[PDB]
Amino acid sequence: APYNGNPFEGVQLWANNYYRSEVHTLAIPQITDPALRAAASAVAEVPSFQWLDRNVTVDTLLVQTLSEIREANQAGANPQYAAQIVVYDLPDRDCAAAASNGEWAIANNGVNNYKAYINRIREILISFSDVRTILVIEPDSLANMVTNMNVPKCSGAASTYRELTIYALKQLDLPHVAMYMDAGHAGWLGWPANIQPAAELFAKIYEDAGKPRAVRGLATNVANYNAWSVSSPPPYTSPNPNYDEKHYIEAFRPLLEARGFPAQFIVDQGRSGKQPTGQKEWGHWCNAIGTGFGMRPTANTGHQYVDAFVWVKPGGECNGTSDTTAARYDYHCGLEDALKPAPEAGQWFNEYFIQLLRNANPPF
């Protein structure tokens, strides 16, 4: 069915069974304290995004989630549940990363692989047109074209990232869908030297895709820990005047809008509840200590430019291993402010889950 305006308005957000199963089968059995078990059970009911970060998730997780939401809605959910899904499988993924977990390479048929992945997602979304579906498109992709074109892999991937982003925007432009392109965070694209080039890039992509109706705007702070709005700049933000996501968005939107793209935003807060964090530097993204579950997902943001506060990266799922010998080890995950020992990226990291519960704000 079609919708008008903010896709988060007028629906509930489904809390998926993948994350609920992680909490109930992996986390809770390891927790003996009654109050922490109860808190854990409660966080399993908070609706976070489900990531299609490997191709195998399309005909498994995506289908299962949409099928379960259809079932709940046909069984009388009021208001209807909507799905929250991340598209995250560009070839030569994470071009500036020390190590990437992306499965596809441009050199090994990656373009064709990705187009087929988008095409299959389109077929599934059409099948489930009755389930309003909100997408984040490709974390850690086009933000690299703003600041990392000195990296050979990024310069070599740039035309592919652009073309395949436009392909996704057009192929997934369906009446029951909303899309938000990743736009980094205040401490990446919100620095004053980066913010106008970022606006130019995203507004051009928007133009070149034909300004598809389904595109609502941009997602920020995905998998990061930034505040929405705090009174004091955290120490690791200095000297950026855009030290939180509100500052970033309020500076970024007018630039985007003058360039043709009046973007609305969604802001990850899933690991933002404690401010400042235990990061020693802003760019320390991996398994950062001193973080908490943050404000619960809602359409009732109170801010004109923000369609929703969301939980994009699901807290407790590891960002990367701390085993320095592992094939895809990323040194960020070995830093002093990264919790250890940490398992492979995407595996449950129970100590980290417990940290997030202890520091939750609002508490569970």
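Just count from 1 along the sequence shown to find any residue number.
Per the PDB record, of the two stretches 230-238 and 197-205, 230-238 carries the greater mean B-factor over its C-alpha atoms.
In this entry, 25-33 shows the higher mean Cα temperature factor of the pair 25-33 and 314-322.
Comparing C-alpha B-factors across 144, 133, 279, 78 in the deposited entry, the largest value falls on 78. Residues shown: 49, 329, 305, 309. Highest C-alpha temperature factor in the entry: 329. For residue 251, the recorded CA B-factor ranks within the middle third of the chain. Only modelled residues enter the ranking. In the PDB entry, residue 61 places in the highest third of its chain by CA B-factor.
Per the deposited record, the Cα B-factor of residue 267 falls in the lowest third when ranked against the other modelled residues of its chain. Split the chain's modelled residues into thirds by C-alpha temperature factor. Residue 71 is in the highest one. In the PDB entry, a CA B factor belonging to the lowest third of its chain's modelled residues is recorded for residue 333.
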